[PDB]
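Two forms of a single protein chain come next, each set out by itself as structure tokens; they are called structure 1 and structure 2.
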Structure 1
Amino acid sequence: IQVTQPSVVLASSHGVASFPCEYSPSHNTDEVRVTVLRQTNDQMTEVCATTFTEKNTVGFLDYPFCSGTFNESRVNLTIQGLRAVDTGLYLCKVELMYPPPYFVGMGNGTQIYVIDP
């Protein structure tokens, strides 16, 4: 099992940071639960999360500041409304809900830099 994400992402002047979160192993029938966590001193804060049961579908509908899409082995994440205080480490967590066997994995985190707009 393995989840990976980019090391660094430079947010847009308007505070948008988009990047992929990839995982293995993957299958044609994958359905996943994706969770974005910000890591600080010893602890993590959940930023947003969503479930994807099919491709070509926009997720995180109930989170104004997160959006994303999904296809086998990859979740395209978008984090919005970022401010200077928000630069830091953001972990991507992926849970394979179907097909069995079940498994959970987490990336090493993407350093998001919100550079002086």
Structure 2
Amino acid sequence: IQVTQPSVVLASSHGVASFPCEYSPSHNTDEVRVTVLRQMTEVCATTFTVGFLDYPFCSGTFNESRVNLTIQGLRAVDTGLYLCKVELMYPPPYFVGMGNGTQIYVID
């Protein structure tokens, strides 16, 4: 699977960055696991079967083969490259794909 995410996004004044993360092709799966990693630290992770309930700074919705990610609480020091990881967990085969990363610019 090929994961696509935008090269660069600008966070809002209020520290909220939103961007899509999409995968292709659309293999049969019942459960997709999305992780946001910062370059490696784990920002948030969730399984879709509206997500990221274990992670107050992340939210997201999943349709078709595309997650609309929102990362909030960002400050200027949080500027950096945020990788999207997508897993097609079950039924097998398992598939994993890494995006090339979204550079998020945050201004205080």
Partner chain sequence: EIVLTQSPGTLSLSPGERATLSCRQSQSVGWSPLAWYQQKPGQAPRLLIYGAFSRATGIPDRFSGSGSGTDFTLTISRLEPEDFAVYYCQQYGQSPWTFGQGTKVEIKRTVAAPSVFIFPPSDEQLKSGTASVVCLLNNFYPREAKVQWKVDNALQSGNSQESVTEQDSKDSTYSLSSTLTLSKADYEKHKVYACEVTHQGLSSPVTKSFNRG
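Shifts are known only where both forms have a C-alpha. Only the largest set of C-alpha atoms that superpose within 1.5 Å between the two forms is called the rigid core. All residue numbers here refer to structure 1's sequence, counted from 1.
Where the criterion is the form deposited with the partner chain bound, structure 2 meets it and its counterpart does not. The only C-alpha among 105, 15, 20, 99 that moves by 2 Å or more between structure 1 and structure 2, given a superposition on the rigid core, is that of 99. After superposing the rigid core, the C-alpha of residue 86 moves by less than 2 Å between structure 1 and structure 2.
Look at residue 30: with the core superposed, its C-alpha moves 4.6 Å between structure 1 and structure 2.
Here the rigid core is superposed, and residue 72 then shows its C-alpha moved by 1.4 angstrom between structure 1 and structure 2.
In this core-based overlay, residues 27 to 31, 98 to 101 form runs of three or more whose Cα positions differ by 2 Å or more between structure 1 and structure 2.
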